[PDB]
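coords-v3.pdb (PDB, C-alpha atoms (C1' of nucleotides))
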ATOM      1  CA  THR M  69       0.161 122.538 -63.879  1.00  0.00           C
ATOM      2  CA  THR M  70       1.063 123.160 -60.235  1.00  0.00           C
ATOM      3  CA  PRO M  71       4.782 123.632 -59.455  1.00  0.00           C
ATOM      4  CA  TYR M  72       4.586 120.720 -56.985  1.00  0.00           C
ATOM      5  CA  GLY M  73       4.007 118.272 -59.852  1.00  0.00           C
ATOM      6  CA  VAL M  74       7.538 116.872 -59.714  1.00  0.00           C
ATOM      7  CA  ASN M  75       6.421 114.408 -57.029  1.00  0.00           C
ATOM      8  CA  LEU M  76       4.825 111.967 -59.475  1.00  0.00           C
ATOM      9  CA  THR M  77       5.682 108.531 -60.814  1.00  0.00           C
ATOM     10  CA  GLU M  78       6.895 107.988 -64.364  1.00  0.00           C
ATOM     11  CA  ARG M  79       3.979 105.581 -64.846  1.00  0.00           C
ATOM     12  CA  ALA M  80       1.487 108.390 -64.207  1.00  0.00           C
ATOM     13  CA  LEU M  81       2.862 110.456 -67.097  1.00  0.00           C
ATOM     14  CA  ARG M  82       2.111 107.514 -69.416  1.00  0.00           C
ATOM     15  CA  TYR M  83      -1.364 107.020 -67.862  1.00  0.00           C
ATOM     16  CA  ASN M  84      -0.105 103.787 -66.274  1.00  0.00           C
ATOM     17  CA  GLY M  85      -0.698 103.004 -62.615  1.00  0.00           C
ATOM     18  CA  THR M  86      -0.358  99.272 -62.132  1.00  0.00           C
ATOM     19  CA  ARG M  87       1.862 100.497 -59.258  1.00  0.00           C
ATOM     20  CA  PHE M  88       4.651  97.969 -58.954  1.00  0.00           C
ATOM     21  CA  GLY M  89       4.612  94.380 -57.730  1.00  0.00           C
ATOM     22  CA  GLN M  90       6.844  91.594 -56.481  1.00  0.00           C
ATOM     23  CA  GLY M  91       9.639  92.325 -58.953  1.00  0.00           C
ATOM     24  CA  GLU M  92       9.626  96.085 -58.294  1.00  0.00           C
ATOM     25  CA  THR M  93      10.630  97.784 -55.038  1.00  0.00           C
ATOM     26  CA  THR M  94      12.081 101.129 -56.213  1.00  0.00           C
ATOM     27  CA  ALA M  95      10.001 104.065 -57.455  1.00  0.00           C
ATOM     28  CA  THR M  96      11.185 106.255 -60.334  1.00  0.00           C
ATOM     29  CA  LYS M  97       9.953 109.852 -60.297  1.00  0.00           C
ATOM     30  CA  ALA M  98       9.403 112.117 -63.305  1.00  0.00           C
ATOM     31  CA  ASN M  99      13.083 113.120 -63.341  1.00  0.00           C
ATOM     32  CA  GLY M 100      14.214 109.579 -62.502  1.00  0.00           C
ATOM     33  CA  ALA M 101      14.715 109.881 -58.745  1.00  0.00           C
ATOM     34  CA  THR M 102      15.059 106.704 -56.693  1.00  0.00           C
ATOM     35  CA  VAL M 103      12.388 106.356 -53.998  1.00  0.00           C
ATOM     36  CA  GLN M 104      12.416 103.560 -51.430  1.00  0.00           C
ATOM     37  CA  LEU M 105       9.209 101.803 -50.389  1.00  0.00           C
ATOM     38  CA  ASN M 106       9.891 100.630 -46.818  1.00  0.00           C
ATOM     39  CA  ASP M 107       7.377 103.034 -45.257  1.00  0.00           C
ATOM     40  CA  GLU M 108       4.178 104.692 -46.439  1.00  0.00           C
ATOM     41  CA  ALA M 109       5.287 108.137 -45.225  1.00  0.00           C
ATOM     42  CA  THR M 110       8.079 108.563 -47.774  1.00  0.00           C
ATOM     43  CA  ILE M 111       5.947 106.908 -50.475  1.00  0.00           C
ATOM     44  CA  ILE M 112       3.157 109.459 -50.076  1.00  0.00           C
ATOM     45  CA  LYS M 113       5.679 112.282 -49.619  1.00  0.00           C
ATOM     46  CA  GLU M 114       7.558 111.578 -52.859  1.00  0.00           C
ATOM     47  CA  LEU M 115       4.565 110.388 -54.924  1.00  0.00           C
ATOM     48  CA  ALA M 116       1.211 112.122 -55.383  1.00  0.00           C
ATOM     49  CA  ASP M 117      -0.742 109.508 -57.355  1.00  0.00           C
ATOM     50  CA  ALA M 118      -0.048 106.845 -54.726  1.00  0.00           C
ATOM     51  CA  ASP M 119      -1.139 109.272 -51.998  1.00  0.00           C
ATOM     52  CA  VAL M 120      -4.674 109.713 -53.347  1.00  0.00           C
ATOM     53  CA  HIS M 121      -5.272 106.511 -55.359  1.00  0.00           C
ATOM     54  CA  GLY M 122      -3.331 104.182 -53.071  1.00  0.00           C
ATOM     55  CA  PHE M 123      -0.675 101.688 -54.123  1.00  0.00           C
ATOM     56  CA  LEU M 124       0.508  98.140 -53.424  1.00  0.00           C
ATOM     57  CA  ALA M 125       3.919  96.918 -52.225  1.00  0.00           C
ATOM     58  CA  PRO M 126       3.655  93.132 -51.787  1.00  0.00           C
ATOM     59  CA  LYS M 127       7.291  92.802 -50.683  1.00  0.00           C
ATOM     60  CA  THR M 128       6.767  94.969 -47.583  1.00  0.00           C
ATOM     61  CA  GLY M 129       2.969  95.233 -47.451  1.00  0.00           C
ATOM     62  CA  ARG M 130       2.163  98.882 -46.699  1.00  0.00           C
ATOM     63  CA  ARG M 131      -1.180  98.511 -48.454  1.00  0.00           C
ATOM     64  CA  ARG M 132      -3.025 101.789 -49.026  1.00  0.00           C
ATOM     65  CA  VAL M 133      -6.574 101.816 -50.362  1.00  0.00           C
ATOM     66  CA  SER M 134      -7.606 104.654 -52.646  1.00  0.00           C
ATOM     67  CA  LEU M 135      -9.346 107.637 -51.079  1.00  0.00           C
TER      68      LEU M 135
ATOM     69  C1'   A C   1     -10.135 100.641 -43.425  1.00  0.00           C
ATOM     70  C1'   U C   2     -14.154  94.430 -45.253  1.00  0.00           C
ATOM     71  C1'   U C   3      -9.108  88.351 -49.307  1.00  0.00           C
ATOM     72  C1'   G C   4      -9.850  93.740 -49.634  1.00  0.00           C
ATOM     73  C1'   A C   5      -5.711  96.797 -51.282  1.00  0.00           C
ATOM     74  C1'   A C   6      -2.922  98.549 -57.109  1.00  0.00           C
ATOM     75  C1'   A C   7      -6.237  98.292 -62.479  1.00  0.00           C
ATOM     76  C1'   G C   8      -9.442 101.878 -69.562  1.00  0.00           C
ATOM     77  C1'   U C   9     -11.317  95.603 -72.429  1.00  0.00           C
ATOM     78  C1'   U C  10      -7.521 100.017 -74.326  1.00  0.00           C
ATOM     79  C1'   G C  11      -5.760 102.567 -78.499  1.00  0.00           C
ATOM     80  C1'   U C  12      -6.200 103.462 -84.794  1.00  0.00           C
ATOM     81  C1'   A C  13     -10.927 102.620 -88.804  1.00  0.00           C
ATOM     82  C1'   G C  14     -16.075 106.956 -94.328  1.00  0.00           C
ATOM     83  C1'   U C  15     -20.210 101.173 -96.535  1.00  0.00           C
ATOM     84  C1'   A C  16     -17.416 104.010 -99.867  1.00  0.00           C
ATOM     85  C1'   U C  17     -16.762 104.860-105.064  1.00  0.00           C
ATOM     86  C1'   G C  18     -19.331 105.764-110.791  1.00  0.00           C
ATOM     87  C1'   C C  19     -25.789 105.331-111.580  1.00  0.00           C
ATOM     88  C1'   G C  20     -30.909 110.494-116.386  1.00  0.00           C
ATOM     89  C1'   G C  21     -37.208 107.388-113.652  1.00  0.00           C
ATOM     90  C1'   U C  22     -35.071 107.554-119.425  1.00  0.00           C
ATOM     91  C1'   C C  23     -36.758 107.797-124.730  1.00  0.00           C
ATOM     92  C1'   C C  24     -42.265 108.503-128.340  1.00  0.00           C
ATOM     93  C1'   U C  25     -47.616 110.936-127.209  1.00  0.00           C
ATOM     94  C1'   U C  26     -53.351 116.556-130.213  1.00  0.00           C
ATOM     95  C1'   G C  27     -58.162 115.480-124.852  1.00  0.00           C
ATOM     96  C1'   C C  28     -58.459 114.723-130.830  1.00  0.00           C
ATOM     97  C1'   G C  29     -62.785 115.028-134.691  1.00  0.00           C
ATOM     98  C1'   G C  30     -68.608 116.785-135.881  1.00  0.00           C
ATOM     99  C1'   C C  31     -72.326 120.666-133.275  1.00  0.00           C
ATOM    100  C1'   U C  32     -77.735 127.096-135.427  1.00  0.00           C
ATOM    101  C1'   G C  33     -79.303 128.477-127.386  1.00  0.00           C
ATOM    102  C1'   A C  34     -82.673 128.364-133.109  1.00  0.00           C
ATOM    103  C1'   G C  35     -87.648 129.080-135.133  1.00  0.00           C
ATOM    104  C1'   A C  36     -92.922 132.456-134.112  1.00  0.00           C
ATOM    105  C1'   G C  37     -93.815 137.926-131.722  1.00  0.00           C
ATOM    106  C1'   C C  38     -97.907 145.553-133.021  1.00  0.00           C
ATOM    107  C1'   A C  39     -95.904 148.899-126.589  1.00  0.00           C
ATOM    108  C1'   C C  40    -100.317 147.967-129.117  1.00  0.00           C
ATOM    109  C1'   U C  41    -105.484 150.013-128.640  1.00  0.00           C
ATOM    110  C1'   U C  42    -108.938 155.400-126.589  1.00  0.00           C
ATOM    111  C1'   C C  43    -107.059 161.259-126.164  1.00  0.00           C
ATOM    112  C1'   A C  44    -108.707 169.449-127.729  1.00  0.00           C
ATOM    113  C1'   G C  45    -103.762 172.014-123.197  1.00  0.00           C
ATOM    114  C1'   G C  46    -108.743 172.854-122.739  1.00  0.00           C
ATOM    115  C1'   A C  47    -112.397 176.364-121.462  1.00  0.00           C
ATOM    116  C1'   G C  48    -113.009 182.756-119.935  1.00  0.00           C
ATOM    117  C1'   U C  49    -110.410 187.837-122.107  1.00  0.00           C
ATOM    118  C1'   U C  50    -110.704 196.141-124.784  1.00  0.00           C
ATOM    119  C1'   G C  51    -102.758 197.455-124.162  1.00  0.00           C
ATOM    120  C1'   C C  52    -106.621 198.825-119.938  1.00  0.00           C
ATOM    121  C1'   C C  53    -107.601 203.751-119.478  1.00  0.00           C
ATOM    122  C1'   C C  54    -106.546 211.136-119.302  1.00  0.00           C
ATOM    123  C1'   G C  55    -103.979 214.220-124.134  1.00  0.00           C
ATOM    124  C1'   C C  56    -103.960 222.185-127.836  1.00  0.00           C
ATOM    125  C1'   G C  57     -95.716 222.137-129.980  1.00  0.00           C
TER     126        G C  57
END
Could you rewrite the structure in this file as structure tokens?
Amino acid sequence: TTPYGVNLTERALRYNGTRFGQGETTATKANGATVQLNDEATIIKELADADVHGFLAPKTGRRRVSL
RNA sequence: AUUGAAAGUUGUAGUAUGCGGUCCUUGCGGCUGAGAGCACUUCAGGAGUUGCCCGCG
């Protein structure tokens, strides 16, 4: 509902949320925007579900537990 | 931020459809609350009494 809802993963719209893995290192937003996963700052800036529920990036670590 | 971190044991599904507690059946026939019976027997409205008293068509 909020206008800031663009910053969400495509998985979230489908009620997914496995949140990537070894074979995945690029995040696709709702509009299909490429997001890199080197650092947690950009991950939580460009994605909202990963900010609050955490995520997992085994290639580069950056583990974030859910709040 | 604990060998923990990400995670629906998930989504769709009628015990459902038709099936008479049914058809016949007298609470039926006979039956005296009847026969006997004095509101009878005794009885005065009774005993006293001046329409009373005066009189010129």
Matched chain/residue IDs from the PyMOL selection byres ((chain C) within 7 of (chain M)), as a list in words:
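Matching residues under the PyMOL selection byres ((chain C) within 7 of (chain M)) are residues 5, 6 and 7 of chain C.
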Name the closest residue to residue M:79 among the candidates M:91, M:107, M:115, M:120; distances are taken between atoms, counting only C-alpha atoms.
M:115
One number please: atom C1' of residue C:3 to atom CA of residue M:113, in Å, one decimal.
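Atom CA of residue M:113 lies at a distance of 28.1 Å from atom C1' of residue C:3.
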Would you write out, as a PyMOL selection string, every residue that the PyMOL selection byres ((chain M and resi 103) around 10) captures in this file?
chain M and resi 77+93-97+100-102+104-106+110-111+113-115
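Atom CA of residue M:135 is found 21.8 Å from atom CA of residue M:69.
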Give me, please, the distance in Å between atom CA of residue M:81 and atom CA of residue M:117, quoted to one decimal.
10.4 Å
Nearest to residue M:74 by atom-to-atom distance, counting all atoms listed in the file, from M:116, M:109, M:92, M:127:
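Comparing M:116, M:109, M:92, M:127 against residue M:74, the winner is M:116.
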